[PDB]
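Structure, as structure tokens:
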Ligand SMILES: O=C1Nc2ccccc2C1=O
Ligand SMILES: [Cl-]
């Protein structure tokens, strides 16, 4: 229950976050995969024990006392725009329920479905706006992690535009 709930963005490996829990951009089978999920597998391998969860869902597995929230955004290559948008909205909502359940003051979160699950489309505002819609009713400090300076720039732009 953080005192003045904020949004920030950082450009670095989420595996090196300074928050009380991490959201893994997970695949539905609980496999190490690539991208966020790979660095995450290296840092918190124990968290992948029974981490498999359906598209549009989030499952928490504790590494000791450190929660890893496995959130499965849809692969837009496999879904329609409409159904993909529904599953992506749902995954973020499930992240919010988990963050609330875990009582944490802060969460590190990537933009779900913006990398190899994007179906070769820019889904920054789509993914970010679904993140906001889900996390705006929580009181955790939210720190969004990205790899690209132009993604970093536009995310902050979008955060600042609400303040
Ligand atoms: O946040 C980000 N999502 C991305 C997807 C593809 C390439 C770069 C990025 C980012 O920096
Ligand atoms: Cl992705």
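One-based numbering along the chain as shown.
This deposition comes from X-ray crystallography, 1.9 Å.
Keep in mind that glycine also has a Cβ here, set from the backbone N, Cα and C atoms.
Straight from Swiss-Prot, the features:
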- 13, 27, 35, 115, 116, 117: ADP-D-ribose binding site (BINDING)
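As written in the PDB entry, here are the features:
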- 1-3: expression tag (SEQADV)
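Projection of Swiss-Prot feature records onto the structure.
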residue : record                    : Cβ within 10 Å
13      : ADP-D-ribose binding site : 14
27      : ADP-D-ribose binding site : 21
35      : ADP-D-ribose binding site : 15
115     : ADP-D-ribose binding site : 16
116     : ADP-D-ribose binding site : 15
117     : ADP-D-ribose binding site : 23
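Secondary structure from DSSP puts residue 27 (ADP-D-ribose binding site) in coil.
Highlighted here are the binding-site residues (13, 27, 117) whose C-beta falls below 6 Å from ligand 2: 117, in sequence order.
Taking a Cβ distance under 6 Å to any atom of ligand 1 as the criterion, the binding-site residues 13, 35, 115, 116, 117 reduce to 115.
Assigned with DSSP, the residues of the expression tag (1-3) fall into helix, strand and coil as follows: 0 helix, 0 strand, 3 coil. Considering only the residues assigned to ADP-D-ribose binding, 13, 27, 35, 115, 116, 117, the longest pairwise Cα distance works out to 18 Å.
DSSP classifies residue 116 (ADP-D-ribose binding site) as coil under the three-state reduction.
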